[PDB]
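Presented below is the structure to which this report refers.
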Amino acid sequence: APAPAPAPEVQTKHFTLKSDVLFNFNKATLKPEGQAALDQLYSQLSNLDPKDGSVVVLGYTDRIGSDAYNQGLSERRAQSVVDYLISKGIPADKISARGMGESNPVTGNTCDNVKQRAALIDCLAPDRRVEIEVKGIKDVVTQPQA
């Protein structure tokens, strides 16, 4: 947890990981294509710089009418992701598993015209996504419009 006096701009790289790829109806267990993608992303995060050695994993869950329940799932999934991300050869101390639960409900917008239970639970899917926050990572110069 160094913090002497950072002069250069930190290289924060947020990765949008879809819960559908990992787990949709399942608790948080990772599925094949789930572990596979997690591996490729892992490397991109493994070749990072230790300077900041800060990798916070965020988890976004949907609304089930039980805040406590949503938080429990947010931490579980966030943990399952990290738990698997560790076996990739990364210190469990350099990372962090956080349950983002619902820090910004997008559905409350894309699902505005939705006031029905089933309609909500169905429209409340766009709230299932983990955001891997890796800083201190370096990369080659990006070319405008791939």
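Virtual Cβ from ideal backbone geometry, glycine too; neighbours counted across all protein chains shown. Since every read-out is calculated from the coordinates, none of them should be taken as a lab result.
Annotations
- GNM result for the chain, Cα springs below 10 Å: residue of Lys94, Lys115, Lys51 fluctuating most strongly: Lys115
- Binned Cα-Cα distance frequencies in the chain - 10 Å width, integer %: 11, 37, 30, 17, 4, 0
- Nitroxide proxy distance, nm - points 7 Å out along Cα→Cβ at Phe25 and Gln71: 2.9 nm
- Distance-filtered residues of the stretch 35-76 - backbone nitrogen under 15 Å, label point 7 angstrom along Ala3 Cα→Cβ: 52-55
- Relative contact order %, the chain, counting alpha carbon pairs below 8 Å whose residues are six or more apart: 39 percent
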